[PDB]
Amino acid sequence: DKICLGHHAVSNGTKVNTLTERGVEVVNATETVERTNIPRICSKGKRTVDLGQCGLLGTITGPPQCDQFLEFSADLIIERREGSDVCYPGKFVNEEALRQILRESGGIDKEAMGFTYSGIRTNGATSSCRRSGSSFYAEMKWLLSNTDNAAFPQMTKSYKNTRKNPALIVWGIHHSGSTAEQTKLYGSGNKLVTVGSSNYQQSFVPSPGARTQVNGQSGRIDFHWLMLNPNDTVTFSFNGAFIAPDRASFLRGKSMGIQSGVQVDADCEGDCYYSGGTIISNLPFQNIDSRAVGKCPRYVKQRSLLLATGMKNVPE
């Protein structure tokens, strides 16, 4: 007698939100915000370098923990909390800027700068940088006077970047636990270090005095750095309290740097990383870590945003 027509439905459909209504039940919906996580660093197919107890900046100066990282090469660079940039207590001026440089460097290639010395000491060491007992930073030279209190002869050294790429140059400045031990190394009187180039132009002076016994020392080393252009030339005018750069550093290519405390996994592939692991998703958004790096979904505040993929659900 008649013919009827209609649509499908379900006893239990999912609630979504529209421009005009909240909690409208539809047939089939889907999640749009990623919350699922992988508690590992998915590094399948990538040249990875887990620094462990080596600090990123340490790969340039060369404390004991970084001896296996002095010329590393990577697509992915992982920093660990236990990593240390230093053996003898000290810091990097503009450390974060330098860290950010090294994270996308793709690794580093070292090259000797070629500095020879006329009548001073070089093999300066300490019980902090220990290998076979007292030693020093692998890439650095502890410049001293021949023996206690001897004069430090105002020297002048120089390096020229003979390569197509800019060179990372790093020197140090010694700050002694007292003006007493300062003289024991370089003698008394004002000591001055000046560094210049095309780009760069600045200078440095030591500041002896008693600091807390960190790592078994009251003294500190101030590491500094500049970015030397091709053909340009570095000049170190100094007379003590100076830590000489043996080798200059050159960037390899491209990479990414992350920070994490989870184990590395070469089984899974990922592009979006954060400190608690890897976010693998096709979803456009994520509610996990706002500081995630790499190729990531957009971080959003909402834990969930459901996208309707079915029609309106009118039940029986």
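Residues carry their position along the shown sequence, with the first being 1.
(message) Please compare 102-110 with 227-235 and name the stretch with the higher mean C-alpha B-factor in the deposited structure.
(response) Taking the mean C-alpha B-factor of 102-110 and of 227-235, the larger value falls to 227-235.
(request) Pick between 39-47 and 24-32: the one whose mean CA B-factor in the entry is higher. (result) Higher mean C-alpha B-factor in the PDB entry: 24-32.
(request) Choose from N165, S84, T156, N94 the residue with the greatest Cα B-factor as stated in the PDB record. (result) Highest C-alpha B-factor among the listed options: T156.
(request) Return the residue from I120, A138, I77, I169 that has the highest Cα B-factor in the entry. (result) Of the options given, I120 has the highest CA B-factor in the PDB entry.
(request) Place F115 in the lowest, middle or highest third of its chain's C-alpha B-factors, as listed in the PDB entry. (result) Highest third of the chain for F115's C-alpha B-factor.
(message) Using only modelled residues of the chain, where does the Cα B factor of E71 rank: lowest third, middle third or highest third?
(response) For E71, whose C-alpha B-factor we compare with every modelled residue in the chain, the answer is the lowest third.
(request) Grab the CA temperature factor for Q302 from the record and place it in the lowest, middle or highest third of its chain. (result) Tercile = lowest for this residue's CA B-factor.
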